$ cat data-v1.cif   # mmCIF, C-alpha atoms
data_my_file
#
loop_
_atom_site.group_PDB
_atom_site.id
_atom_site.type_symbol
_atom_site.label_atom_id
_atom_site.label_comp_id
_atom_site.auth_asym_id
_atom_site.auth_seq_id
_atom_site.Cartn_x
_atom_site.Cartn_y
_atom_site.Cartn_z
ATOM 1 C CA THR A 1 -10.641 -5.524 19.642
ATOM 2 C CA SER A 2 -12.876 -5.674 16.640
ATOM 3 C CA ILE A 3 -13.014 -3.707 13.463
ATOM 4 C CA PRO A 4 -16.261 -2.002 12.534
ATOM 5 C CA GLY A 5 -18.114 -4.032 9.889
ATOM 6 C CA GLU A 6 -17.908 -1.687 6.931
ATOM 7 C CA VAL A 7 -14.214 -1.005 7.586
ATOM 8 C CA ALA A 8 -13.564 -4.711 7.836
ATOM 9 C CA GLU A 9 -15.209 -5.231 4.423
ATOM 10 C CA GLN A 10 -13.061 -2.514 2.866
ATOM 11 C CA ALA A 11 -9.939 -3.947 4.547
ATOM 12 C CA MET A 12 -10.702 -7.310 3.050
ATOM 13 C CA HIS A 13 -11.354 -5.962 -0.415
ATOM 14 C CA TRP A 14 -7.995 -3.992 -0.453
ATOM 15 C CA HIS A 15 -5.914 -6.885 0.986
ATOM 16 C CA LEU A 16 -7.341 -9.198 -1.654
ATOM 17 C CA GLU A 17 -6.625 -6.694 -4.496
ATOM 18 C CA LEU A 18 -2.984 -6.717 -3.352
ATOM 19 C CA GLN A 19 -2.744 -10.512 -3.347
ATOM 20 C CA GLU A 20 -3.176 -10.610 -7.100
ATOM 21 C CA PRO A 21 -0.082 -11.532 -9.069
ATOM 22 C CA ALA A 22 -0.362 -8.122 -10.705
ATOM 23 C CA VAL A 23 -1.787 -4.919 -9.275
ATOM 24 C CA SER A 24 -2.434 -1.713 -11.266
ATOM 25 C CA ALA A 25 -0.989 1.603 -10.084
ATOM 26 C CA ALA A 26 -4.606 2.921 -9.921
ATOM 27 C CA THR A 27 -5.606 0.223 -7.452
ATOM 28 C CA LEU A 28 -2.489 0.965 -5.532
ATOM 29 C CA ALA A 29 -3.389 4.661 -5.451
ATOM 30 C CA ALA A 30 -6.919 3.866 -4.260
ATOM 31 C CA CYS A 31 -5.664 1.486 -1.594
ATOM 32 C CA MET A 32 -3.345 4.159 -0.217
ATOM 33 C CA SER A 33 -6.050 6.692 -0.244
ATOM 34 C CA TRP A 34 -8.331 4.342 1.803
ATOM 35 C CA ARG A 35 -5.577 3.616 4.266
ATOM 36 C CA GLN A 36 -4.872 7.310 4.762
ATOM 37 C CA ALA A 37 -8.510 8.401 4.932
ATOM 38 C CA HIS A 38 -8.977 7.356 8.528
ATOM 39 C CA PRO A 39 -6.814 5.883 11.262
ATOM 40 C CA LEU A 40 -9.259 3.018 11.555
ATOM 41 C CA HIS A 41 -8.527 2.051 7.930
ATOM 42 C CA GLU A 42 -4.803 1.916 8.522
ATOM 43 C CA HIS A 43 -5.194 0.018 11.773
ATOM 44 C CA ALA A 44 -7.466 -2.498 10.169
ATOM 45 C CA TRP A 45 -4.998 -2.870 7.273
ATOM 46 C CA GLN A 46 -2.164 -3.685 9.590
ATOM 47 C CA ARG A 47 -4.010 -6.075 11.897
ATOM 48 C CA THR A 48 -5.316 -7.979 8.896
ATOM 49 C CA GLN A 49 -1.736 -8.350 7.640
ATOM 50 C CA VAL A 50 -0.590 -9.772 10.890
ATOM 51 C CA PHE A 51 -3.465 -12.275 11.056
ATOM 52 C CA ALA A 52 -3.275 -13.296 7.386
ATOM 53 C CA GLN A 53 0.411 -13.963 8.058
ATOM 54 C CA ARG A 54 -0.304 -16.001 11.179
ATOM 55 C CA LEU A 55 -2.933 -17.985 9.387
ATOM 56 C CA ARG A 56 -0.534 -18.910 6.570
ATOM 57 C CA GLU A 57 2.010 -20.185 9.082
ATOM 58 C CA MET A 58 -0.619 -22.606 10.528
ATOM 59 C CA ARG A 59 -1.973 -23.793 7.184
ATOM 60 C CA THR B 1 0.720 -1.020 -16.601
ATOM 61 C CA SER B 2 1.041 -4.119 -14.403
ATOM 62 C CA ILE B 3 3.039 -4.129 -11.214
ATOM 63 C CA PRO B 4 3.777 -7.410 -9.549
ATOM 64 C CA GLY B 5 2.248 -7.892 -6.114
ATOM 65 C CA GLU B 6 5.400 -7.829 -3.992
ATOM 66 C CA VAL B 7 6.769 -4.789 -5.795
ATOM 67 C CA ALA B 8 3.375 -3.047 -5.490
ATOM 68 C CA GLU B 9 3.422 -3.579 -1.808
ATOM 69 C CA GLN B 10 6.906 -2.134 -1.416
ATOM 70 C CA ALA B 11 5.933 0.821 -3.621
ATOM 71 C CA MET B 12 2.954 1.538 -1.432
ATOM 72 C CA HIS B 13 5.044 1.281 1.777
ATOM 73 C CA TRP B 14 7.705 3.790 0.522
ATOM 74 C CA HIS B 15 5.103 6.166 -0.877
ATOM 75 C CA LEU B 16 3.301 6.142 2.448
ATOM 76 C CA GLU B 17 6.607 6.684 4.345
ATOM 77 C CA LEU B 18 7.201 9.799 2.168
ATOM 78 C CA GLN B 19 3.700 11.211 2.836
ATOM 79 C CA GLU B 20 4.418 11.536 6.539
ATOM 80 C CA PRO B 21 4.729 15.176 7.741
ATOM 81 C CA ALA B 22 8.299 14.439 8.895
ATOM 82 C CA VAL B 23 10.573 11.826 7.300
ATOM 83 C CA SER B 24 13.836 10.525 8.766
ATOM 84 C CA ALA B 25 17.042 10.733 6.767
ATOM 85 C CA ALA B 26 17.288 6.944 7.209
ATOM 86 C CA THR B 27 13.910 6.295 5.663
ATOM 87 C CA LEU B 28 14.878 8.533 2.865
ATOM 88 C CA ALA B 29 18.103 6.732 2.112
ATOM 89 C CA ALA B 30 16.160 3.455 2.275
ATOM 90 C CA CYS B 31 13.490 4.707 -0.095
ATOM 91 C CA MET B 32 16.151 5.790 -2.543
ATOM 92 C CA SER B 33 17.914 2.484 -2.272
ATOM 93 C CA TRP B 34 14.738 0.580 -3.150
ATOM 94 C CA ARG B 35 13.950 2.807 -6.085
ATOM 95 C CA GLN B 36 17.456 2.350 -7.354
ATOM 96 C CA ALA B 37 17.724 -1.394 -6.661
ATOM 97 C CA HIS B 38 15.673 -2.463 -9.679
ATOM 98 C CA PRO B 39 14.039 -0.612 -12.595
ATOM 99 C CA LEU B 40 10.717 -2.124 -11.737
ATOM 100 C CA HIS B 41 10.806 -0.407 -8.339
ATOM 101 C CA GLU B 42 11.420 2.946 -9.916
ATOM 102 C CA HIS B 43 8.681 2.284 -12.512
ATOM 103 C CA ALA B 44 6.172 1.340 -9.824
ATOM 104 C CA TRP B 45 7.219 4.417 -7.837
ATOM 105 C CA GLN B 46 6.533 6.729 -10.816
ATOM 106 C CA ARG B 47 3.215 5.174 -11.897
ATOM 107 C CA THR B 48 2.002 5.228 -8.338
ATOM 108 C CA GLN B 49 2.802 8.841 -8.016
ATOM 109 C CA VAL B 50 0.967 9.655 -11.219
ATOM 110 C CA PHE B 51 -2.140 7.886 -9.947
ATOM 111 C CA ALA B 52 -2.000 9.188 -6.340
ATOM 112 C CA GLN B 53 -1.870 12.707 -7.770
ATOM 113 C CA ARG B 54 -4.772 12.082 -10.157
ATOM 114 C CA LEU B 55 -6.686 10.732 -7.236
ATOM 115 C CA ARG B 56 -6.147 13.701 -4.955
ATOM 116 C CA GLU B 57 -7.533 15.934 -7.663
ATOM 117 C CA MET B 58 -10.800 13.890 -7.806
ATOM 118 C CA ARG B 59 -11.287 13.926 -3.993
#
$ encode --input "data-v1.cif" --output "structure tokens"
Amino acid sequence: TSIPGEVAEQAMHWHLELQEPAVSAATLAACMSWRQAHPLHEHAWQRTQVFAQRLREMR
Amino acid sequence: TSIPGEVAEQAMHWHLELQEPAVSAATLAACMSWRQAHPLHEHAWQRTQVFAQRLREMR
């Protein structure tokens, strides 16, 4: 099951912010706020983790 | 003000665990253990709190 487009774009943006070597506390605060704003955000966050992880294991 | 990636992610996870309406005593002991395991964890925990609070005010 697919993630609505605009949620997918936010999910991507927040996952990438968190792959930086360093992350500010402000970015962290904003990420958490996005994840908590709507169950779809949190679901998309988690699914993206799983798939990013699976992709790394293949590559 | 820079938190390394893997510490930022743990910080976020424990902060989110503590925003649940009910928290288990186990989760609590685990959160404490992380915060106490390394001064960077505790620093990340504090900064994150400062920024999550500033954020709630702006929403």
$ closest_atom_pairs --input "data-v1.cif" --of "chain A" --to "chain B" --cutoff "10 Å" --atoms "only C-alpha atoms" --output "Markdown table"
| residue | atom | partner | partner_atom | distance |
| --- | --- | --- | --- | --- |
| A:17 | CA | B:5 | CA | 9.1 |
| A:18 | CA | B:5 | CA | 6.0 |
| A:19 | CA | B:5 | CA | 6.3 |
| A:20 | CA | B:5 | CA | 6.1 |
| A:21 | CA | B:5 | CA | 5.2 |
| A:22 | CA | B:4 | CA | 4.4 |
| A:23 | CA | B:3 | CA | 5.3 |
| A:24 | CA | B:2 | CA | 5.3 |
| A:25 | CA | B:48 | CA | 5.0 |
| A:26 | CA | B:51 | CA | 5.5 |
| A:27 | CA | B:51 | CA | 8.8 |
| A:28 | CA | B:48 | CA | 6.8 |
| A:29 | CA | B:52 | CA | 4.8 |
| A:30 | CA | B:55 | CA | 7.5 |
| A:31 | CA | B:12 | CA | 8.6 |
| A:32 | CA | B:12 | CA | 6.9 |
| A:33 | CA | B:52 | CA | 7.7 |
| A:35 | CA | B:16 | CA | 9.4 |
| A:36 | CA | B:16 | CA | 8.6 |
$ atom_distance --input "data-v1.cif" --atom1 "atom CA of residue 42 of chain A" --atom2 "atom CA of residue 14 of chain B"
15.0 Å
$ axis_aligned_box --input "data-v1.cif" --around "segment 16-33 of chain A" --padding-each-side "6 Å" --output "JSON"
{"center_x": -3.7, "center_y": -2.4, "center_z": -5.7, "size_x": 19.3, "size_y": 30.2, "size_z": 23.0}
